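Chemist:
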Amino acid sequence: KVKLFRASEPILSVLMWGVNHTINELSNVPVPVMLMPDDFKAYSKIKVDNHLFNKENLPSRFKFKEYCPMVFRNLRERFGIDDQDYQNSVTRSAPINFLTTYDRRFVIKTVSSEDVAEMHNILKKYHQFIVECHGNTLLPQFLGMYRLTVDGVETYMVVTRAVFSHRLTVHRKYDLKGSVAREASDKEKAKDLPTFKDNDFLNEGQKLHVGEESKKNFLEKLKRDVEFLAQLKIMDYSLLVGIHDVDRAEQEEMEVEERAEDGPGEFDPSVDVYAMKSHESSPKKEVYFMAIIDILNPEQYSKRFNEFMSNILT
Amino acid sequence: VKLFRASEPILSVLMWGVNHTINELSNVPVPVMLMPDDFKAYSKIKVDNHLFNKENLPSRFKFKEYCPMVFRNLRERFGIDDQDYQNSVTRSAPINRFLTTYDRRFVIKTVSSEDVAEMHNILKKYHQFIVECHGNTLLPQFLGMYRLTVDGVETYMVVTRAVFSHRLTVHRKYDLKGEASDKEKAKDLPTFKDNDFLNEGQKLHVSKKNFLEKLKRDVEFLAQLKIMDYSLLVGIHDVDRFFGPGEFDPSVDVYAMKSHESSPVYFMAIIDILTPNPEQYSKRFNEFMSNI
Ligand SMILES: Nc1ncnc2c1ncn2[C@@H]1O[C@H](COP(=O)(O)O)[C@@H](O)[C@H]1O
Ligand SMILES: Nc1ncnc2c1ncn2[C@@H]1O[C@H](COP(=O)(O)O)[C@@H](O)[C@H]1O
Ligand SMILES: Nc1ncnc2c1ncn2[C@@H]1O[C@H](COP(=O)(O)O)[C@@H](O)[C@H]1O
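Same order as they appear, the protein sequences are chains A and B. According to the deposited numbering, the residues represented by the first sequence are 32 to 128, 139 to 220, 222 to 304, 338 to 371, 399 to 416, in order. According to the deposited numbering, the residues represented by the second sequence are 33 to 128, 138 to 219, 225 to 252, 256 to 290, 336 to 358, 362 to 373, 399 to 414, in order.
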């Protein structure tokens, strides 16, 4: 029951402390019929000074600001994330790393003041857009926005649902825009899990085999989402593409158990929300994770971007 | 769901405060011993809530808890569970500056800046003493001490275990020191004094052997601390005027004593000891008390 907020860096402990603290407060705050325009200009601020006390893991002094907390609670509900689960993923053990919760469910990115600014501008429209699509979207699902202060330095963070599966392993990833001229630098290509780009993707004849029912529901999301990004005049985002090779993982698992001594391709679509199985007619048995990232030629992109993503599938 | 709904925002800040600090403490490992820094420690939290959660709480306020490790240890030495303490302050607004939790278990006195300084002054020796008497004493049992800042105004408070039962009711008080005013002598709860008590030649029939042995070591300890002006709060519950009458849980009503057989319930403890002849006040109080 006892949380120590132990982390490799103080910032992280403060993060764990803040999510823990703010989620508990929300738990005493009745759940509103609807949201109100002020909820979109609201915030919580807490400043801690702990003298000669409770300093094993937390600094004596820090600040924690949560943006628009009523809105993000409701956003969580819409995306079917229970506050307690969220709270636990962040607090049970330090996030890892751009961070991930220890259980790989939530991404936590550090962002700009301008990003936080941009979140506010698009927030009323984004909330409404999440409602009229019932949370069915390739877009980032935003769960919280925070400003931490440690040693008088301010850090902004945005929490999202993870694109990749919290269990299944990604063996190959791309970041796609659709033009110009994009590839992975010999630097990247020589990393463990290179972020490949379009020309890399096109250049390798890469195709994803998902089957018609899935392809249609995916393309119908992509269409609505990217029109929304066009309306909001947003630009330069990407389609994160993760590929899981089922047989490869099973072998990797087997090699993992043998070493220790000295089911495959399955995922819960309620948790691994961006994941699609490969069509039974696929070369390899694969699992794909696809979503739009980095939303923080306007109507052009919409078309440029959309036509491309549409050609990845079969 | 805890709303911290209360008449005064200061009562809401208090409920929020006790709730927050008790939760925080539940993530703090209980140490093998208190350290000298624990007697110089505090928690401070400043809250600034724009357009949020303002139904019962102010939007801006401060809450400071003095020496939280020491007072949590004091709670344990007084056999009070943290979560019960939290529940008592927090489920419903403290009641009736002098307060009790809605369930009558704990008293909440506003005090002065100098009181808080006096408490810091005596705390180590007060702790050492509670350790030594194994919690058995008529002194006030200090459970927490706090400073609230609301509308830019600081308020200090000291939480104690109640003298009077939180169940059984009282029909007569006494404030013995070794008399009552007119406008007072009309109150529903008449706070009599030594003279009123002698006047009616009353003497609680009792135990008195141990009770007095206790009261003695207590007042000798107040003496060595050069403290004075404290009284003995005495309560009287009429039996005659589910649960039976005269029935109480000694582990909760810790000061309560049922009347002897040969006589025609008494609650008794020492109160108000943050006041500052000391050795002197001691015997006037002890010698006088040893009479009733
Ligand atoms: N309610 C708001 N509406 C629009 N922009 C905001 C709001 N709150 C903060 N920002 C912007 O977000 C960035 C960080 O804000 P601050 O929380 O004051 O550090 C700055 O660019 C602010 O102007
Ligand atoms: N929501 C997400 N889930 C998983 N990986 C991400 C997510 N967002 C970004 N990334 C990856 O993390 C890094 C951050 O992107 P960038 O904005 O280019 O620094 C890149 O390597 C991305 O491939
Ligand atoms: N069932 C299998 N499927 C694919 N590759 C395998 C399999 N078993 C062994 N290998 C590969 O054979 C090499 C030796 O494997 P091991 O038998 O674990 O020494 C490794 O490269 C394994 O990945």
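Idealized CB from N, CA, C, for every residue including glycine.
Should A/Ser153 go down as buried or exposed, given a rule of 16 or more other Cβ atoms within 10 Å for buried?
Modeler: Label assigned to A/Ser153: exposed.
Chemist: Would you call the segment 183 to 197 of chain B and the segment 90 to 106 of chain B in contact, with 3 or more CB pairs under 8 Å?
Modeler: In short, these stretches touch, since the Cβ pair count reaches three.
Chemist: With distances taken Cα to Cα, identify the nearest neighbour of B/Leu83 among A/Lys239, A/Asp80, A/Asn85 and A/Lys76.
Modeler: With distances taken between Cα atoms, B/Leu83 lies closest to A/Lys76.
Chemist: Of all the options B/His354, B/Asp114 and B/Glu40, which has the alpha carbon lying nearest to the alpha carbon of B/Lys257?
Modeler: That would be B/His354, whose Cα lies nearest to the Cα of B/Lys257.
Chemist: Locate the beta strand (DSSP E) running through A/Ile368, then write down its first and last residues.
Modeler: From DSSP, the beta strand (DSSP E) with A/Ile368 extends over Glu361 to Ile368.
Chemist: Any residue with its Cβ nearer than 6 Å to a heavy atom of ligand 2 should be included. What is that list in chain order?
Modeler: Those satisfying the condition are, in chain order, A/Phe139, A/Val148, A/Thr201, A/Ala203, A/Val204, A/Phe205, A/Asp216, A/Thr237, A/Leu282, A/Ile368 and A/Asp369.
Chemist: Would you say A/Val157 touches ligand 1, meaning its beta carbon is less than 7 Å from a heavy atom?
Modeler: Yes, Cβ of A/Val157 sits closer than 7 Å to a heavy atom of ligand 1.
Chemist: Measure how close the beta-carbons of A/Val283 and A/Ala203 come, nearest whole angstrom, since I'm counting them as under 8 Å.
Modeler: Not really, about 14 Å apart at Cβ, beyond 8 Å.
Chemist: Assuming B/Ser356 contacts B/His212 (C-beta within less than 8 Å), just tell me the rounded distance between them.
Modeler: That belief does not hold up - the Cβ atoms of B/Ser356 and B/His212 are roughly 21 Å apart, past 8 Å.
Chemist: Have a look at B/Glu155, B/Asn177 and B/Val362 and flag the residue whose alpha-carbon is nearest the alpha-carbon of B/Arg290.
Modeler: Nearest of B/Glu155, B/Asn177 and B/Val362 to B/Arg290, Cα basis: B/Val362.
Chemist: Just how far apart, CA to CA, sit B/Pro373 and B/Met160?
Modeler: C-alpha separation (whole angstroms): 10 Å.
Chemist: Given that B/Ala73 touches chain A, what residues does it touch there, using C-beta distances under 7 Å?
Modeler: Those within 7 Å of B/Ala73 in chain A are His82, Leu83 and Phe84.
Chemist: Strictly below 8 Å CB to CB, what residues from chain B border A/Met101?
Modeler: Simply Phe84.
Chemist: Could you run through the segment 161 to 191 of chain B and flag, in chain order, every residue whose CB is less than 7 Å away from some CB of chain A?
Modeler: So nothing in the stretch comes that close.
Chemist: So, A/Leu209 versus A/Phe243, is the Cβ gap smaller than 8 Å?
Modeler: Against a cut-off of 8 Å, the Cβ pair of A/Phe243 and A/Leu209 comes out as no contact.
Chemist: Name the chain B residues whose beta carbon is nearer than 7 Å to that of A/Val60?
Modeler: Ordered by position in chain B, the residues that pass the 7 Å Cβ test against A/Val60 are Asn85.
Chemist: Taking its Cβ as the centre, do 16 or more other Cβ atoms sit within 10 Å of A/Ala223, making it buried, or is it exposed?
Modeler: It counts as exposed.
Chemist: Cβ-heavy atom distance between A/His161 and ligand 1 below 7 Å?
Modeler: True, at least one ligand heavy atom lies under 7 Å from that Cβ.
Chemist: Does the count of Cβ pairs from the segment 109 to 123 of chain A and the segment 53 to 60 of chain A closer than 8 Å reach three?
Modeler: Short answer: they touch.
Chemist: Tell me whether the segment 263 to 283 of chain B and the segment 399 to 411 of chain B touch, counting them as touching only if at least three CB pairs, one residue from each stretch, are closer than 8 Å.
Modeler: As far as the Cβ criterion goes, the segment 263 to 283 of chain B touches the segment 399 to 411 of chain B, which means the pair count is three or higher.
Chemist: Roughly how many angstroms separate the alpha carbons of A/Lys165 and B/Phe36, rounded to a whole number?
Modeler: Their Cα atoms are separated by approximately 30 Å.
Chemist: Output yes if chain B places a C-beta closer than 8 Å to the C-beta of A/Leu35; else output no.
Modeler: Yes, because at least one Cβ of chain B sits closer than 8 Å to the Cβ of A/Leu35.
Chemist: For chain B, find out if any of its Cβ atoms is closer than 8 Å to the Cβ of A/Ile77; answer yes or no.
Modeler: Yes, contact with chain B.
Chemist: Are the C-beta of B/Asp69 and some C-beta of chain A separated by less than 8 Å?
Modeler: B/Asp69 counts as touching chain A.
Chemist: Check for me: the alpha helix (DSSP H) holding A/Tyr117 runs from which residue to which?
Modeler: Element bounds for A/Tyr117: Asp114 to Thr122.
Chemist: Using only alpha-carbon positions, find the residue among B/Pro63, B/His175 and B/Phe93 that is nearest to A/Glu87.
Modeler: Nearest of B/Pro63, B/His175 and B/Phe93 to A/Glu87, Cα basis: B/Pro63.
Chemist: Using a beta-carbon distance below 8 Å, is A/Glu355 in contact with chain B?
Modeler: No, A/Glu355 lies away from the interface with chain B (no Cβ there is under 8 Å from its Cβ).
Chemist: Here's the rule I'm using: 16 or more other beta-carbon atoms within 10 Å means buried, otherwise exposed. How should A/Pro339 be labelled?
Modeler: So A/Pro339 ends up on the exposed side.
Chemist: Quick check: the Cα distance between A/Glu262 and A/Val268, rounded to an integer number of angstroms?
Modeler: For A/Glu262 and A/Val268, the distance between alpha carbons rounds to 10 Å.
Chemist: Would you say B/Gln118 touches ligand 3, meaning its beta carbon is less than 7 Å from a heavy atom?
Modeler: No; taking the cut-off as 7 Å, the Cβ of B/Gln118 has no heavy atom of ligand 3 nearer than that.
Chemist: In the segment 42 to 59 of chain A, which residues sit with their C-beta less than 8 Å from some C-beta in chain B, listed in chain order?
Modeler: Result list: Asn55, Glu56, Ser58 and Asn59.
Chemist: Compute the minimum distance between the beta carbon of A/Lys150 and the heavy atoms of ligand 1, and state whether it is under 7 Å.
Modeler: No, ligand 1 has no heavy atom inside 7 Å of this Cβ.
Chemist: Less than 8 Å separating the beta-carbons of B/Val121 and B/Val50?
Modeler: Contact flag set, yes.
Chemist: Extract the residue ranges of the alpha helix (DSSP H) inside the segment 224 to 304 of chain A, only unbroken runs of 4 or more that lie entirely within it.
Modeler: With a minimum length of 4 residues, the continuous alpha helix (DSSP H) runs that stay inside the segment 224 to 304 of chain A are 228 to 231, 240 to 245, 254 to 273 and 288 to 303.
Chemist: Quick one: is B/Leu235 buried, meaning 16 or more other Cβ sit within 10 Å of its Cβ, or exposed?
Modeler: With fewer than 16 other Cβ atoms within 10 Å, it is exposed.
Chemist: Just to check my reading of the structure: B/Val191 and B/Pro41 have Cβ atoms closer than 8 Å, yes? What is that Cβ distance to the nearest angstrom?
Modeler: Going by Cβ atoms, the distance from B/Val191 to B/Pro41 rounds to 6 Å, so yes, they are a contact pair.
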